[PDB]
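Asker: One structure, pasted below without further comment.
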Amino acid sequence: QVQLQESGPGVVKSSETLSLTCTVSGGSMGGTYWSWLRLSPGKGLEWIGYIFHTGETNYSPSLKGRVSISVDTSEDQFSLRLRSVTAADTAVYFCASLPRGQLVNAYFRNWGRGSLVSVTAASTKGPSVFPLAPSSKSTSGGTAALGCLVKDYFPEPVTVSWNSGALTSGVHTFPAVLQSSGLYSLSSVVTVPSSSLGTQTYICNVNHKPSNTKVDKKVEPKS
Amino acid sequence: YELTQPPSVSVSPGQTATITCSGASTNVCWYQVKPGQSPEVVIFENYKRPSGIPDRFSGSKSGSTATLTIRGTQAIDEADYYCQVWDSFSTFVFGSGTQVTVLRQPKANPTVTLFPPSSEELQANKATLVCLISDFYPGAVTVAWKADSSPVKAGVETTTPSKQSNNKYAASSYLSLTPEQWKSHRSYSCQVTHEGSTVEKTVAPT
């Protein structure tokens with residue numbers, strides 16, 4: 001009967017202030033700690049802070065100094081502001097509520113649906129491409145993995161091929177990770193017969209259209 | 001600090017799911033989290049059910065380990081489950097989360113491939129360890145990095161598992177080091193946990 005609605009998802013430019021609001025429908029604004037939490041791959045589910053109708057706040061020690069929460073007890077709304085965001089602040093942000101009182105056994109109720117906030121860099125940057133060399137060791141009938149590390153580019157996407165498209169079997173290009181810097185990296189690996197090393201040449205072809213960069217890198221066995 | 005949960009718990013249609021939450025000194029509650037939906041508590045004070053939650057959800061706690069049980073797990077129960085405890089300093093601490101899956105294909109444990117920093121990267125005054133994880137099901141894993149035998153959390157980035165062509169899942173994890181850190185340690189390892197299995201690979205400077 002009580003529903004919380006967060007402001008929609010958006011993008012915030014790295015270094016700026018993340019700003020969200022939660023609107024409360026049903027019940028009263030009293031008797032409650034109006035709360036914010038977030039969920040991300042890199043830090044899991046985290047409580048951020050809460051506010052009581054009097055305006056008294058409590059914040060995670062991890063964010064104390066750059067987080068602020070406010071409430072409007074007539075408009076039934078509360079806010080989250082988080083200063084100096086970096087890529088690490090990319091997460092799904094949730095509002096929720098806790099009953100006023102002792103918290104040792106308390107659980108969050110009336111969660112909002114969540115709003116994805118992506119903290120994004122601004123400037124284009126082409127990748128560096130490093131070989132991921134296979135061993136020159138001999139497996140009797142076995143395979144070796146070799147690849148290319150496509151490091152520190154922005155924005156997405158990067159495409160990768162092998163031997164200009166002539167090699168497709170055993171090729172697996174992995175989705176990118178986002179570093180704290182706001183730059184992406186990914187890897188492409190091909191699984192080949194270990195006997196083909198030293199016979200067949202393997203070149204990764206990396207395209208980053210946003211920076212108008214292409215790189216070809218031969219990947220050879222560790223010397 | 002997070003409470004430790006298995007990344008993946010899965011059952012055949014008809015079976016009961018058991019999810020553990022370790023490191024909890026006081027009472028635990030559990031949230032069901034699905035993509036794009038409001039989380040909701042399913043169990044609080046270790047085993048108590050809020051109104052509206054079906055009978056098949058139950059709980060137990062012994063010492064510092066809490067368990068969530070879902071009897072005759074149904075499609076509607078498929079979700080990520082997070083445990084939570086109160087904390088004197090942080091107010092609330094949560095578990096790492098457990099994906100619950102009803103198996104649509106056989107369980108498959110990951111293949112792990114670990115590459116050391118390339119000589120080229122070291123020449124650019126950087127160092128990246130690359131851990132590739134593939135051919136697993138269900139699509140949830142925990143990746144842990146070690147310097148020698150000690151856990152390393154800083155400089156780690158890990159992707160959310162994505163479906164491959166063969167309908168299994170893959171993921172990758174990266175550890176950023178300085179060349180000095182790379183050269184001064186005996187070895188670094190990537191350890192992947194999935195269901196009953198752990199796979200660790202280790203590399204060392206040359």
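In the structure tokens, the first chain shown is A, the next is B, and so on; residue numbers restart at 1 for each chain, and ligands run from 1 in the order shown.
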Near chain B, meaning an atom within 6 Å, which residues of chain A appear when counting only C-alpha atoms? Write them as number ranges by chain.

Answerer: A: 44, 104, 111-113, 177

Asker: Let me see the file: selected residues, C-alpha atoms, as a compact mmCIF listing (two decimals), in the first residue's frame.

Answerer:
```txt
# COMPACT_ATOMS: atom_id res chain seq x y z
CA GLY A 44 27.64 -5.86 -4.08
CA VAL A 104 19.74 -4.97 15.01
CA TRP A 111 11.90 -0.90 -1.91
CA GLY A 112 11.80 1.05 -5.12
CA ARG A 113 12.44 -0.70 -8.43
CA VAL A 177 35.36 -4.40 -17.95
```

Asker: Env of residue A:145: 12 Å cut, atoms = only C-alpha atoms, seq-sep filter 2 positions within chain, self excluded. Answer as a PyMOL selection string.

Answerer: (chain A and resi 131-137+142-143+147-148+170-172+187-194+196-197+202+219-221) or (chain B and resi 111-115+131-132)

Asker: Write out as a list in words the residues lying within 10 Å of residue A:150, counting only C-alpha atoms and excluding same-chain residues fewer than 5 positions away.

Answerer: residues 126, 127, 128, 129, 130, 131, 158, 159, 160, 176, 184, 185, 186, 187, 188, 206, 207, 208 and 215 of chain A

Asker: Those residues with C-alpha atoms, as a short mmCIF file (atom, residue, chain, number, x, y, z; two decimals), in the first residue's frame please?

Answerer:
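In the end it all went to again.cif:
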```cif
data_model
loop_
_atom_site.label_atom_id
_atom_site.label_comp_id
_atom_site.auth_asym_id
_atom_site.auth_seq_id
_atom_site.Cartn_x
_atom_site.Cartn_y
_atom_site.Cartn_z
CA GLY A 126 42.18 4.57 -28.36
CA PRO A 127 43.36 1.25 -26.92
CA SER A 128 46.74 -0.25 -26.34
CA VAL A 129 46.95 -3.85 -27.57
CA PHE A 130 49.11 -6.38 -25.75
CA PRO A 131 49.70 -10.00 -26.74
CA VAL A 158 35.88 -2.41 -29.82
CA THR A 159 35.67 -5.24 -32.35
CA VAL A 160 38.27 -7.98 -32.65
CA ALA A 176 34.63 -5.41 -21.52
CA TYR A 184 37.34 -0.03 -20.78
CA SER A 185 39.44 -3.12 -21.44
CA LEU A 186 38.61 -6.46 -23.03
CA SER A 187 40.34 -9.62 -24.17
CA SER A 188 39.97 -11.87 -27.17
CA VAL A 206 41.46 -4.69 -33.24
CA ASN A 207 39.15 -1.87 -34.36
CA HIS A 208 38.12 1.08 -32.25
CA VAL A 215 45.79 -2.28 -34.52
#
```

Asker: Among stretch 18-70 of chain A, which ones does DSSP assign to strand (DSSP E or B) (computed from the backbone)? Answer as a PyMOL selection string.

Answerer: chain A and resi 18-25+32-40+44-51+57-59+67-70

Asker: Point out the residue among A:21, A:48, A:153, A:31 with the least atom-to-atom distance to residue A:209, counting only C-alpha atoms.

Answerer: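 The answer is A:153, which sits nearest to residue A:209.
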
Asker: Report as a VMD selection string all protein, DNA and RNA residues lying within 6 Å of stretch 1-11 of chain A, evaluated on only C-alpha atoms, omitting residues in the same chain fewer than 5 positions from it.

Answerer: chain A and resid 20 to 26 110 112 115 to 119

Asker: Do you know which residues are at most 12 Å from residue A:78 counting only C-alpha atoms, after dropping those on the same chain fewer than 2 positions away, and could you put them as number ranges by chain?

Answerer: A: 4-7, 19-25, 29, 33-36, 49-53, 55, 57, 68-76, 80-81, 95-97

Asker: Have a look at B:149, B:123, B:98, B:178 and name the one nearest to residue B:33; count only C-alpha atoms.

Answerer: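 Smallest distance to residue B:33 is found for B:98.
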
Asker: Which residue out of B:21, B:75, B:68, B:175 has the minimum interatomic distance to residue B:42 when only C-alpha atoms are used?

Answerer: B:68
